[PDB]
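Trainee: Shown below is the structure under consideration.
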Amino acid sequence: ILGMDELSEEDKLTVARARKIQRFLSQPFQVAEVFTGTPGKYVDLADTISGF
Amino acid sequence: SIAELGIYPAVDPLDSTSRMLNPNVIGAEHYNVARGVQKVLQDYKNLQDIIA
Amino acid sequence: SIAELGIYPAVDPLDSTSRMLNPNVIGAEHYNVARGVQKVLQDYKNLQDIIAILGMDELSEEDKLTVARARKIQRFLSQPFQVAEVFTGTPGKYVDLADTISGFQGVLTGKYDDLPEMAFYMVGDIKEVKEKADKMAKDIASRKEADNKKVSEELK
Amino acid sequence: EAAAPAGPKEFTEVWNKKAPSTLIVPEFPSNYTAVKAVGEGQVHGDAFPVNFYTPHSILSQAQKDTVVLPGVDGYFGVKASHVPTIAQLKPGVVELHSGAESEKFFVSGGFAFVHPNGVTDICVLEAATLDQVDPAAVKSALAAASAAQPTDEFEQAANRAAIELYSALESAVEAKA
Amino acid sequence: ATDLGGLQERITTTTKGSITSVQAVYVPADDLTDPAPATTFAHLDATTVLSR
Amino acid sequence: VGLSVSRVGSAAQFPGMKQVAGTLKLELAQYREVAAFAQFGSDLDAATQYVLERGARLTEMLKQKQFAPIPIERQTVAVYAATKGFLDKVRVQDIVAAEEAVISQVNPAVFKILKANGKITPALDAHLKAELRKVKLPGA
Amino acid sequence: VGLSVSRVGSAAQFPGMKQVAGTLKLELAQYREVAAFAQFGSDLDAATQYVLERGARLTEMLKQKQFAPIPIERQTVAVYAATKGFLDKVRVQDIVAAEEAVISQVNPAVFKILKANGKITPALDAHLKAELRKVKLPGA
Amino acid sequence: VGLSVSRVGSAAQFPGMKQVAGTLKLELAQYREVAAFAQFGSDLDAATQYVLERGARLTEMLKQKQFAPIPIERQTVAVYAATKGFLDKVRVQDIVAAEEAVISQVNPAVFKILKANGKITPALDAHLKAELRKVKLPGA
Amino acid sequence: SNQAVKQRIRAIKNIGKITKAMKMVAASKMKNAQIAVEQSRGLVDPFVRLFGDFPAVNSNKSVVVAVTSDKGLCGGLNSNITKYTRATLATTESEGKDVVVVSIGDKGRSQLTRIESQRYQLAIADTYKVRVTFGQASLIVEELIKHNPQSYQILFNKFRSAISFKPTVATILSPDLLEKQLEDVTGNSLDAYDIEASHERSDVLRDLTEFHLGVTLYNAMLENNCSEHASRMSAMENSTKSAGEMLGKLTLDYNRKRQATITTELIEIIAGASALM
């Protein structure tokens with residue numbers, strides 16, 4: 001309703017970190033590689049805690 | 001709701017149907033008047049949540 | 001809901017009735033004061049939706065006078081009970097019938113549009129609303145100097 | 001002569017002793033301006049603060065060293081520590097120099113104050129700059145302004161204002177660099 | 001409650017292994033206090049909401 | 001007054017009360033519908049506002065203390081005094097004393113022929129047209 | 001706290017807690033009155049604005065972790081440390097760490113007198129006010 | 001259109017309809033979101049008014065008359081003429097006739113190759129952009 | 001009973017759309033009226049440094065102006081400066097002066113005659129319908145100088161931000177009727193300026209006070225218009241929030257009544273079957 005540059009720069013960083021969190025929650029699946037080509041990735045728990 | 005506006009007969013225009021409302025049966029210049037009346041009254045019923 | 005508003009005894013004034021509420025039984029001014037209080041409360045109950053969804057700031061002036069008098073007489077109908085003074089801390093307040101009629105006639109005519117709302121909350125009668133008004137408007141002026149210690153190293 | 005010290009300092013007194021306490025003392029337009037007129041300084045040498053104003057725009061807040069203003073008694077020029085002057089301006093061009101470069105706006109007429117601290121305030125209504133005026137519809141308008149002499153003094157004054165604006169807009173559109 | 005409990009109480013971790021059940025939950029009339037989800041939710045330990 | 005119906009209609013009504021009742025119904029029907037906007041008393045509209053305070057006169061007219069039924073002649077005179085505009089000067093909150101002043105201050109020979117004649121005759125609607133003005137109404 | 005009632009434990013509370021948490025539930029009442037109307041961001045009356053971040057301190061003082069019960073003497077000192085303003089101007093995201101600072105630094109002989117008398121005696125609140133001033137609150 | 005679901009229609013419709021219907025159902029997903037909002041048409045943003053006008057174009061485009069079902073290639077080119085350009089100037093009152101005009105005046109050999117190929121090939125796409133500009137629309 | 005709740009739910013669910021719509025509409029109006037307001041803020045400064053700011057003058061005739069809104073869904077903005085104009089009319093009136101009250105906005109004529117009926121003499125409205133210009137503000141100013149007062153008081157809400165609207169009172173004095181008298185400081189404070197007018201100082205001060213009244217009226221009713229939009233955007237966002245909360249409680253109660261309905265008719269069917277079988 002107001003605009004992207006309406007809010008602060010720490011709000012810009014909240015937007016940026018949340019947009020790269022929203023993409024980092026995505027994952028290619030090993031069962032869906034037959035019709036999407038790219039191989040799927042089983043991410044361990046010790047890796048996703050550290051990554052986030 | 002038609003009746004406590006004092007309108008008699010209190011026939012709901014947007015609930016009364018007939019199988020004689022084909023353009024094949026009563027002709028097009030009657031059916032277009034009836035459909036326009038129902039369209040106008042339904043849009044007024046939509047606008048009554050603002051204009052009240 | 002009246003109990004959740006803090007008003008105790010949580011009597012709904014627009015749902016409690018009596019066969020003694022009759023001008024030939026209790027008198028004329030008692031019955032008229034009772035009907036006036038119920039008219040103010042009903043007129044406030046009819047304003048609850050627009051006060052909820054539009055805000056208090058969009059009524060008429062007589063409407064927002066009605067809202068203020070009704071919020072006064074809602075608090076004034078509450079009372080501290082002498083059997084509740086063990087779990088409340090307030091002393092109980094037996095109000096005489098003439099005191100109730102006189103106080104509610106005072107709020108109805110408009111003699112008390114000047115007091116706050118919480119002056120009426122949990123008091124006996126129309127003297128104690130003024131006592132509580134000066135008790136709560138000396139409280140916003142209640143700021144004393146030097147903290148009055150006399151505790152720093154009390155000798156033996 | 002000075003027997004009524006009015007002001008926002010003293011309105012607070014008579015208001016606080018006579019208005020209900022739920023309202024704080026209302027604000028005043030002097031609380032929003034930082035630059036006064038009789039106060040010390042704001043010249044520092046050559047460039048003085050010029051404030052060019054219209055109701056719908058602010059055209060200059062920058063410091064200029066000379067301003068050429070079109071007063072009703074002729075185009076005058078405002079240097080740094082110029083004498084304080086409330087000058088009514090006729091239709092003419094306002095030139096705000098800073099050096100080699102200058103901004104030339106043709107204005108519509110309206111006052112221009114120079115203050116005892118060197119603050120200059122040009123206050124016009126419509127400041128239509130010279131590269132957005134057309135040179136064709138000026139003659140189409142001053143033709144009717146030359147021709148029409150009505151019976152009433154009101155449209156007479158309007159036509160005299162018309163010709164003194166359009167004639168000045170003639171002289172500052174052919175002789176431009 | 002007893003039929004749902006007799007189903008869902010066999011899905012536990014024993015000493016020998018575990019069953020972990022992923023159950024699709026339909027909510028009747030979009031009412032979370034309806035007795036079928038309100039009895040089903042007493043057994044669930046996690047919810048995985050797939051949104052459009 | 002909206003949901004109250006009588007399917008005998010006005011066929012079983014006292015005449016004269018019928019002469020005021022269609023008007024009273026019609027102004028109450030207007031007062032009901034231009035309400036649900038009467039909370040915004042700010043904007044005076046002067047066509048709806050007359051309807052609102054006129055319907056307020058009529059709604060305050062039909063209030064009645066119990067255990068005292070009114071004779072029908074005094075009822076139709078009290079409604080005629082509100083549907084012809086005699087009470088437009090008095091405020092909303094003080095008509096139940098104004099109607100009692102009207103009933104007790106007109107001549108009691110108005111009712112003795114309104115009951116007998118059955119309807120408001122032309123030899124009577126201008127008698128009480130002047131009788132309703134020679135009384136004092138408690139309100140300015 | 002508004003709905004949670006117990007009309008049977010009043011004559012059944014710790015007398016040291018009964019005199020310090022009579023102040024706690026009333027100040028939480030005003031915090032329930034301010035934040036239920038002043039959520040709009042209309043104005044700060046600067047006295048209702050005081051009881052908003054006082055009641056926010058009493059709320060954060062009343063948080064508790066799981067499977068860690070507190071003795072009643074180490075409770076009524078943390079309620080004493082907060083309603084008497086010793087925990088004032090500590091930032092509201094410090095009070096979990098600050099009421100742990102209160103119990104850790106106050107001399108453990110304080111809690112032994114308070115458990116045995118069951119009551120904050122006049123000889124003790126003068127002493128317990130002293131031991132709360134010697135408290136390294138976080139953040140200063 | 002928001003409440004009617006088909007859990008098969010992913011890869012079970014006409015491919016020429018699938019080229020266009022994704023855009024048609026995503027343009028209507030914005031119109032149903034902003035429609036009951038901007039019932040008034042007075043003070044509007046230049047992005048919300050555009051999807052309002054597009055949704056009002058598609059809504060009058062989808063309605064059809066009784067006992068006259070349309071072949072699939074003709075409704076394919078009608079939704080192609082609606083969700084692309086070619087109809088952003090007829091108001092709302094004429095789209096009922098404008099889709100009939102774009103059905104009848106278009107060289108009907110595009111329907112035969114649309115029906116036989118099944119989809120909108122880029123050659124037929126370019127002839128369909130070219131064939132849709134020379135249609136005399138009855139917007140007047 | 002169980003159907004009227006389903007219509008009340010749809011009504012509140014539609015109010016929660018209408019108020020969200022006009023919250024966005026008021027936001028779009030506020031973001032482009034703020035642009036005009038902070039450009040209009042410039043021209044008021046040379047007059048308040050040239051003529052000073054004297055609110056507490058001994059005018060014997062005053063014109064107060066309460067600059068209100070036209071649309072009345074603003075949230076306590078118009079009655080705020082009604083309180084302020086009855087506070088400033090109870091600040092200057094202590095000496096037996098004539099006061100004319102005018103108002104800009106229909107919410108001014110509906111809230112000023114309730115507090116004061118006799119001094120109110122003029123109602124300007126329909127100002128913000130198309131836009132607010134300086135020719136319009138100057139026409140309003142000329143209709144204000146149809147009276148001949150010694151002072152003018154403007155009351156308006158100044159757009160400090162989208163949250164704060166400080167009610168500003170703005171004062172203008174008649175030229176040598178009161179302006180030359182209030183400047184006499186053992187001499188004059190205006191004698192430092194060299195008048196470059198075509199006529200004498202009284203005529204240039206008359207023209208200057210008319211121009212000052214015009215620019216403060218234009219800035220006053222720009223600031224009040226965009227602060228009206230900001231208070232409507234904030235007042236329809238406390239409105240759609242409450243209409244979402246009321247809708248949530250209505251949906252919960254409707255679901256309770258729905259479940260109780262199904263159990264009630266089921267129990268009656270079971271009782272009627274067991275009364276036979």
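Lettering and numbering for the structure tokens are positional, with chains as A, B, ... in the shown order, residues counted from 1 in each chain, and ligands counted from 1 in the shown order.
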Need to verify the contact set: residue 122 (chain D), 12 Å, only C-alpha atoms, exclusion of same-chain residues closer than 6 positions in sequence. Can you return it as a PyMOL selection string?
Mentor: (chain D and resi 49-55+58-61+67-71+78+85-89+93-96+105+107-115) or (chain I and resi 42-47)
Trainee: Could you dump the residues just selected with N, CA and C atoms as a compact mmCIF listing (two decimals), in the first residue's frame?
Mentor:
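File result36.txt, as written:
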# COMPACT_ATOMS: atom_id res chain seq x y z
N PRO D 49 21.56 33.61 1.54
CA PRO D 49 20.48 32.64 1.29
C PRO D 49 19.32 33.24 0.52
N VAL D 50 19.04 32.67 -0.64
CA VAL D 50 17.89 33.05 -1.46
C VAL D 50 16.87 31.93 -1.41
N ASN D 51 15.61 32.29 -1.16
CA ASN D 51 14.53 31.32 -1.07
C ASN D 51 13.50 31.69 -2.13
N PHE D 52 13.46 30.95 -3.22
CA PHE D 52 12.49 31.21 -4.27
C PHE D 52 11.25 30.36 -4.02
N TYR D 53 10.08 30.98 -4.01
CA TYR D 53 8.86 30.31 -3.59
C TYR D 53 7.72 30.60 -4.55
N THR D 54 6.92 29.58 -4.80
CA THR D 54 5.58 29.65 -5.35
C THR D 54 4.69 28.87 -4.39
N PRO D 55 3.36 28.98 -4.50
CA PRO D 55 2.53 28.11 -3.65
C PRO D 55 2.66 26.64 -3.98
N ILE D 58 8.83 24.84 -4.62
CA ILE D 58 10.01 25.54 -4.12
C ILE D 58 11.07 25.42 -5.20
N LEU D 59 11.51 26.56 -5.73
CA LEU D 59 12.40 26.53 -6.88
C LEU D 59 13.86 26.76 -6.53
N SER D 60 14.15 27.41 -5.41
CA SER D 60 15.53 27.62 -5.02
C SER D 60 15.60 27.76 -3.51
N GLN D 61 16.41 26.92 -2.88
CA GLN D 61 16.79 27.07 -1.49
C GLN D 61 18.29 27.30 -1.36
N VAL D 67 21.02 38.38 -7.10
CA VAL D 67 19.70 38.10 -7.63
C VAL D 67 19.23 39.34 -8.38
N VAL D 68 18.69 39.16 -9.58
CA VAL D 68 18.16 40.27 -10.36
C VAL D 68 16.65 40.14 -10.37
N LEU D 69 15.97 41.03 -9.64
CA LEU D 69 14.54 40.99 -9.42
C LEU D 69 13.84 42.10 -10.18
N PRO D 70 12.72 41.82 -10.81
CA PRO D 70 11.99 42.83 -11.59
C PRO D 70 10.93 43.62 -10.82
N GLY D 71 11.38 44.61 -10.06
CA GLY D 71 10.47 45.43 -9.28
C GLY D 71 9.58 46.31 -10.14
N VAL D 78 20.25 42.42 -6.21
CA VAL D 78 20.45 42.23 -4.78
C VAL D 78 21.82 41.62 -4.57
N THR D 85 14.65 45.38 2.02
CA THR D 85 13.71 45.95 1.07
C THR D 85 12.54 45.00 0.83
N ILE D 86 11.33 45.47 1.09
CA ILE D 86 10.11 44.80 0.66
C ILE D 86 9.79 45.35 -0.72
N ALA D 87 9.98 44.55 -1.75
CA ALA D 87 9.88 45.04 -3.12
C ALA D 87 8.74 44.35 -3.83
N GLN D 88 7.76 45.13 -4.27
CA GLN D 88 6.72 44.57 -5.12
C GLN D 88 7.28 44.36 -6.51
N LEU D 89 7.07 43.17 -7.06
CA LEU D 89 7.59 42.86 -8.37
C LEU D 89 6.48 42.88 -9.40
N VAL D 93 11.64 38.84 -15.29
CA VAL D 93 12.50 37.66 -15.18
C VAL D 93 13.34 37.78 -13.91
N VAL D 94 13.47 36.68 -13.19
CA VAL D 94 14.27 36.63 -11.98
C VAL D 94 15.53 35.83 -12.29
N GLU D 95 16.69 36.43 -12.06
CA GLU D 95 17.96 35.83 -12.41
C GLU D 95 18.72 35.55 -11.13
N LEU D 96 18.93 34.28 -10.81
CA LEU D 96 19.64 33.91 -9.59
C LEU D 96 21.04 33.45 -9.98
N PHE D 105 14.14 32.59 -14.37
CA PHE D 105 12.72 32.29 -14.36
C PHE D 105 11.94 33.55 -14.68
N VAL D 107 8.60 35.27 -13.94
CA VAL D 107 7.59 35.13 -12.91
C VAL D 107 6.37 35.95 -13.29
N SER D 108 5.34 35.83 -12.48
CA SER D 108 4.07 36.47 -12.76
C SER D 108 3.87 37.76 -11.99
N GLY D 109 4.67 38.01 -10.96
CA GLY D 109 4.44 39.17 -10.14
C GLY D 109 4.09 38.78 -8.72
N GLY D 110 4.81 39.36 -7.77
CA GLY D 110 4.63 39.04 -6.37
C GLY D 110 5.90 39.40 -5.65
N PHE D 111 5.80 39.68 -4.36
CA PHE D 111 6.79 40.43 -3.62
C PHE D 111 8.09 39.66 -3.45
N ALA D 112 9.13 40.38 -3.05
CA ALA D 112 10.44 39.80 -2.78
C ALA D 112 11.08 40.59 -1.66
N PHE D 113 11.34 39.94 -0.53
CA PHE D 113 11.82 40.62 0.67
C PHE D 113 13.30 40.34 0.84
N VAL D 114 14.04 41.34 1.28
CA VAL D 114 15.41 41.16 1.75
C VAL D 114 15.42 41.52 3.22
N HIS D 115 15.99 40.66 4.03
CA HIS D 115 15.88 40.77 5.47
C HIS D 115 17.18 41.28 6.07
N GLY I 42 6.86 25.92 1.96
CA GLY I 42 7.93 26.89 1.84
C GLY I 42 7.47 28.32 1.95
N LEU I 43 6.40 28.67 1.25
CA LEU I 43 6.00 30.06 1.11
C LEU I 43 5.44 30.65 2.39
N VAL I 44 5.06 29.83 3.37
CA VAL I 44 4.54 30.39 4.61
C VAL I 44 5.65 30.97 5.47
N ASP I 45 6.90 30.56 5.26
CA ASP I 45 8.04 31.00 6.07
C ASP I 45 8.45 32.46 5.91
N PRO I 46 8.52 33.07 4.70
CA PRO I 46 8.88 34.49 4.64
C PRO I 46 7.90 35.43 5.30
N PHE I 47 6.63 35.07 5.37
CA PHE I 47 5.68 35.93 6.06
C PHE I 47 5.81 35.81 7.56
Trainee: So that I can see what lies close to region 232-241 of chain I, please list as a VMD selection string the residues with an atom at most 9 Å from it, counting only C-alpha atoms and leaving out residues fewer than 3 positions away in the same chain.
Mentor: (chain C and resid 52 to 55) or (chain G and resid 40) or (chain I and resid 15 to 27 30 73 to 75 162 to 163 227 to 229 244 to 246)
Trainee: Can you tell me, as a list in words, what residues are no more than 8 Å from region 38-52 of chain E when counting only C-alpha atoms, ignoring any on the same chain fewer than 4 positions away?
Mentor: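 After dropping sequence-adjacent residues, the list is residues 1, 4, 8, 32, 33 and 34 of chain E.
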Trainee: Output the selection as a compact mmCIF listing (two decimals), in the first residue's frame - C-alpha atoms for each residue.
Mentor:
# COMPACT_ATOMS: atom_id res chain seq x y z
CA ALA E 1 -12.09 -41.34 20.58
CA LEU E 4 -9.17 -43.34 16.72
CA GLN E 8 -3.27 -44.34 16.61
CA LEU E 32 -11.09 -27.17 13.70
CA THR E 33 -13.33 -27.82 16.71
CA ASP E 34 -15.34 -30.47 14.87
Trainee: Output the contact residues of chain C with respect to chain G at a cut-off of 10 Å, based on only C-alpha atoms, as a list in words.
Mentor: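 Those within range of chain G come out as residues 3, 4, 5, 6, 84, 86, 87, 88, 89, 140, 150, 151, 152, 153 and 154 of chain C.
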Trainee: Residues near residue 106 (chain F), anyone? I mean within 7 Å using only C-alpha atoms, not counting same-chain ones fewer than 4 positions away, as a list in words.
Mentor: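 Once the adjacent positions are removed, what remains is residues 102, 131, 132 and 135 of chain F.
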Trainee: Go ahead and dump the residues you just picked, N, CA, C and O atoms, as a compact mmCIF listing (two decimals), in the first residue's frame.
Mentor:
# COMPACT_ATOMS: atom_id res chain seq x y z
N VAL F 102 -53.47 18.01 25.71
CA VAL F 102 -54.40 18.10 24.58
C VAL F 102 -55.71 17.41 24.92
O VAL F 102 -56.79 17.96 24.68
N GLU F 131 -59.90 24.09 17.87
CA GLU F 131 -59.79 23.71 19.27
C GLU F 131 -58.38 23.27 19.62
O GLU F 131 -57.91 23.50 20.74
N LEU F 132 -57.66 22.67 18.67
CA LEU F 132 -56.30 22.23 18.94
C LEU F 132 -55.31 23.38 18.98
O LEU F 132 -54.17 23.17 19.41
N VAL F 135 -55.50 25.62 22.81
CA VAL F 135 -54.93 25.01 24.00
C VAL F 135 -53.43 25.26 24.01
O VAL F 135 -52.82 25.58 22.98
Trainee: Provide the CA of residue 67 (chain H) to CA of residue 128 (chain H) distance in Å, to one decimal place.
Mentor: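 Value for the CA of residue 67 (chain H)-CA of residue 128 (chain H) distance: 28.0 Å.
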Trainee: Which neighbours of residue 35 (chain D) fall inside 10 Å, counting only C-alpha atoms, when residues of the same chain fewer than 2 positions from it are skipped, and could you give them as a VMD selection string?
Mentor: (chain D and resid 30 32 to 33 37 to 39 42 117 119) or (chain I and resid 45 to 46 48 to 49)
Trainee: Go ahead and compute the interatomic distance for CA of residue 133 (chain F) and CA of residue 45 (chain F), in Å to one decimal.
Mentor: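 For CA of residue 133 (chain F) relative to CA of residue 45 (chain F), the distance reads 29.1 Å.
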Trainee: Since chain F and chain G share a sequence, can you fit the second onto the first over all C-alpha atoms in order and output it as a compact mmCIF listing (two decimals) with C-alpha atoms, in the first residue's frame?
Mentor:
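And here is the file that came out, part-v2.txt:
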# COMPACT_ATOMS: atom_id res chain seq x y z
CA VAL G 1 -44.33 -1.36 13.54
CA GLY G 2 -42.55 -2.76 10.51
CA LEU G 3 -43.30 -6.40 11.39
CA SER G 4 -46.59 -5.92 13.33
CA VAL G 5 -49.26 -6.64 10.64
CA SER G 6 -53.06 -7.33 10.71
CA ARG G 7 -54.61 -8.10 7.26
CA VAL G 8 -58.19 -8.60 8.64
CA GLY G 9 -58.68 -5.47 10.82
CA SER G 10 -58.08 -2.97 7.97
CA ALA G 11 -61.78 -3.25 7.00
CA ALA G 12 -62.24 -3.33 10.79
CA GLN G 13 -60.92 -0.06 12.09
CA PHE G 14 -62.67 3.00 13.39
CA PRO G 15 -63.35 5.17 10.33
CA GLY G 16 -62.17 8.21 12.24
CA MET G 17 -58.92 6.41 12.96
CA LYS G 18 -58.65 4.89 9.46
CA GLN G 19 -58.24 8.32 7.89
CA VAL G 20 -55.77 9.76 10.41
CA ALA G 21 -53.63 6.69 11.12
CA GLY G 22 -53.18 6.01 7.44
CA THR G 23 -50.87 9.01 7.77
CA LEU G 24 -49.34 7.71 11.01
CA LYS G 25 -47.95 4.41 9.80
CA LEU G 26 -46.43 5.92 6.67
CA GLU G 27 -44.60 8.68 8.50
CA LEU G 28 -43.33 6.08 10.96
CA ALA G 29 -42.11 4.18 7.91
CA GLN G 30 -39.92 7.10 6.78
CA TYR G 31 -38.71 7.51 10.36
CA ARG G 32 -37.79 3.84 10.19
CA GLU G 33 -35.93 4.52 6.93
CA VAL G 34 -34.01 7.56 8.16
CA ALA G 35 -32.86 6.28 11.54
CA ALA G 36 -31.80 2.92 10.03
CA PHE G 37 -29.28 4.56 7.68
CA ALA G 38 -28.47 7.99 9.15
CA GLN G 39 -27.30 6.67 12.53
CA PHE G 40 -23.70 7.34 11.47
CA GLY G 41 -24.08 11.11 11.78
CA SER G 42 -23.04 11.54 8.15
CA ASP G 43 -25.11 14.55 7.10
CA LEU G 44 -28.47 16.17 7.73
CA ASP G 45 -30.35 16.56 4.45
CA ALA G 46 -32.69 19.00 6.33
CA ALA G 47 -35.76 17.23 4.90
CA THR G 48 -34.90 13.78 6.17
CA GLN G 49 -33.88 15.69 9.28
CA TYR G 50 -37.46 16.97 9.46
CA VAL G 51 -38.99 13.49 9.43
CA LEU G 52 -36.57 12.31 12.11
CA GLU G 53 -37.99 14.56 14.81
CA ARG G 54 -41.46 14.20 13.37
CA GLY G 55 -41.27 10.43 13.70
CA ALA G 56 -39.81 10.84 17.15
CA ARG G 57 -42.96 12.76 18.03
CA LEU G 58 -45.25 10.07 16.65
CA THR G 59 -43.33 7.46 18.65
CA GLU G 60 -43.68 9.38 21.91
CA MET G 61 -47.32 10.00 21.10
CA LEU G 62 -47.79 6.22 20.84
CA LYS G 63 -46.35 5.44 24.25
CA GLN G 64 -48.86 4.37 26.86
CA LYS G 65 -48.88 3.52 30.53
CA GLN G 66 -50.09 0.24 31.94
CA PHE G 67 -53.69 -0.61 32.97
CA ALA G 68 -54.96 2.65 31.46
CA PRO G 69 -56.76 1.99 28.20
CA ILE G 70 -57.99 4.91 26.15
CA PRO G 71 -61.34 5.12 24.33
CA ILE G 72 -61.05 5.10 20.57
CA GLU G 73 -62.31 8.68 20.30
CA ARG G 74 -59.65 9.99 22.69
CA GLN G 75 -57.10 8.04 20.67
CA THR G 76 -57.94 9.36 17.22
CA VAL G 77 -57.84 12.96 18.42
CA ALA G 78 -54.37 12.45 19.86
CA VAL G 79 -53.41 10.97 16.50
CA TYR G 80 -55.15 13.93 14.86
CA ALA G 81 -53.27 16.33 17.12
CA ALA G 82 -49.90 14.86 16.13
CA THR G 83 -50.02 14.08 12.42
CA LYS G 84 -51.64 17.43 11.61
CA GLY G 85 -48.68 19.25 13.13
CA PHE G 86 -50.49 20.72 16.13
CA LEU G 87 -47.99 18.94 18.37
CA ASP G 88 -45.07 20.24 16.33
CA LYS G 89 -42.20 22.14 18.06
CA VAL G 90 -43.27 20.67 21.39
CA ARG G 91 -40.14 19.11 22.82
CA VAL G 92 -40.05 15.32 22.62
CA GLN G 93 -39.81 14.92 26.39
CA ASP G 94 -43.10 16.80 26.74
CA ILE G 95 -45.43 14.78 24.51
CA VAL G 96 -46.48 12.40 27.29
CA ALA G 97 -47.45 15.51 29.20
CA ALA G 98 -48.60 17.26 26.01
CA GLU G 99 -51.05 14.66 24.70
CA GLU G 100 -52.52 14.66 28.19
CA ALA G 101 -52.91 18.41 27.68
CA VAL G 102 -54.74 17.83 24.40
CA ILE G 103 -57.39 15.49 25.77
CA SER G 104 -57.90 17.52 28.94
CA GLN G 105 -58.44 20.89 27.28
CA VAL G 106 -60.43 19.95 24.15
CA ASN G 107 -64.18 20.31 24.75
CA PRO G 108 -65.66 16.91 25.75
CA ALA G 109 -68.51 17.43 23.30
CA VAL G 110 -65.95 16.93 20.50
CA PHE G 111 -65.42 13.30 21.49
CA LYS G 112 -69.18 12.73 21.66
CA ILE G 113 -69.69 13.72 18.02
CA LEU G 114 -66.70 11.68 16.94
CA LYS G 115 -67.82 8.55 18.78
CA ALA G 116 -71.32 8.71 17.33
CA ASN G 117 -70.49 9.49 13.71
CA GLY G 118 -67.48 7.21 13.92
CA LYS G 119 -65.86 9.55 11.44
CA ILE G 120 -64.17 12.93 11.40
CA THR G 121 -66.85 14.69 9.36
CA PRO G 122 -66.04 17.87 7.36
CA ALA G 123 -68.00 19.86 9.96
CA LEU G 124 -65.79 18.45 12.74
CA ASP G 125 -62.16 18.65 11.55
CA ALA G 126 -62.71 22.33 10.88
CA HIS G 127 -63.99 22.50 14.43
CA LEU G 128 -61.34 20.19 15.89
CA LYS G 129 -58.52 22.14 14.23
CA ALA G 130 -59.89 25.18 16.07
CA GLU G 131 -59.98 23.50 19.48
CA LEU G 132 -56.42 22.29 19.03
CA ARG G 133 -55.15 25.82 18.45
CA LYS G 134 -56.63 26.76 21.84
CA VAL G 135 -54.40 24.26 23.66
CA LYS G 136 -51.90 25.20 26.38
CA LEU G 137 -49.08 22.97 25.22
CA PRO G 138 -46.28 22.52 27.79
CA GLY G 139 -43.05 24.43 27.28
CA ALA G 140 -44.64 26.60 24.55
Trainee: Mind checking DSSP for chain E and telling me the alpha helix (DSSP H) residues as JSON, numbers by chain?
Mentor: {"E": [2, 3, 4, 5, 6, 7, 8, 35, 36, 37, 38, 39, 40]}
Trainee: Return the neighbours of chain H among the residues of chain B, cut-off 12 Å, counting only C-alpha atoms, as JSON, numbers by chain.
Mentor: {"B": [21, 22, 23, 24, 36, 43, 44, 46, 47, 48, 49, 50, 51]}
Trainee: If we count only C-alpha atoms and set the cut-off at 10 Å, which residues sit around residue 1 (chain B), ignoring sequence neighbours fewer than 6 positions away in its own chain? Please answer as a compact mmCIF listing (two decimals) with N, CA and C atoms, in the first residue's frame.
Mentor:
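Wrote it out as out06.txt, contents follow:
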# COMPACT_ATOMS: atom_id res chain seq x y z
N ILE B 7 -43.54 -2.37 -0.65
CA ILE B 7 -43.78 -2.73 -2.03
C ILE B 7 -44.71 -3.93 -2.07
N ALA B 10 -45.12 -8.38 -2.82
CA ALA B 10 -43.75 -8.41 -2.33
C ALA B 10 -42.93 -9.49 -3.02
N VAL B 11 -43.00 -9.54 -4.34
CA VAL B 11 -42.35 -10.56 -5.14
C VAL B 11 -40.87 -10.23 -5.20
N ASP B 12 -40.04 -11.17 -4.79
CA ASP B 12 -38.61 -11.03 -4.92
C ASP B 12 -38.26 -11.08 -6.39
Trainee: As a ChimeraX atom specification, please: every residue in chain D that DSSP puts in strand (DSSP E or B).
Mentor: /D:27,48-53,58-60,63-64,66-71,74-78,85-87,89,93-97,102-107,112-114,120-123,127-129
Trainee: Using only C-alpha atoms, find the residues of chain D whose closest atom to chain G is at most 12 Å away, then write them as a PyMOL selection string.
Mentor: chain D and resi 22-24
Trainee: For the selection you just gave me, I'd like the residues written to a file as a tab-separated table (two decimals), in the first residue's frame, keeping C-alpha atoms.
Mentor:
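Saved as result-v1.tsv:
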chain	number	residue	atom	x	y	z
D	22	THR	CA	-6.56	17.83	28.21
D	23	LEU	CA	-5.34	19.96	25.28
D	24	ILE	CA	-1.70	20.99	25.08
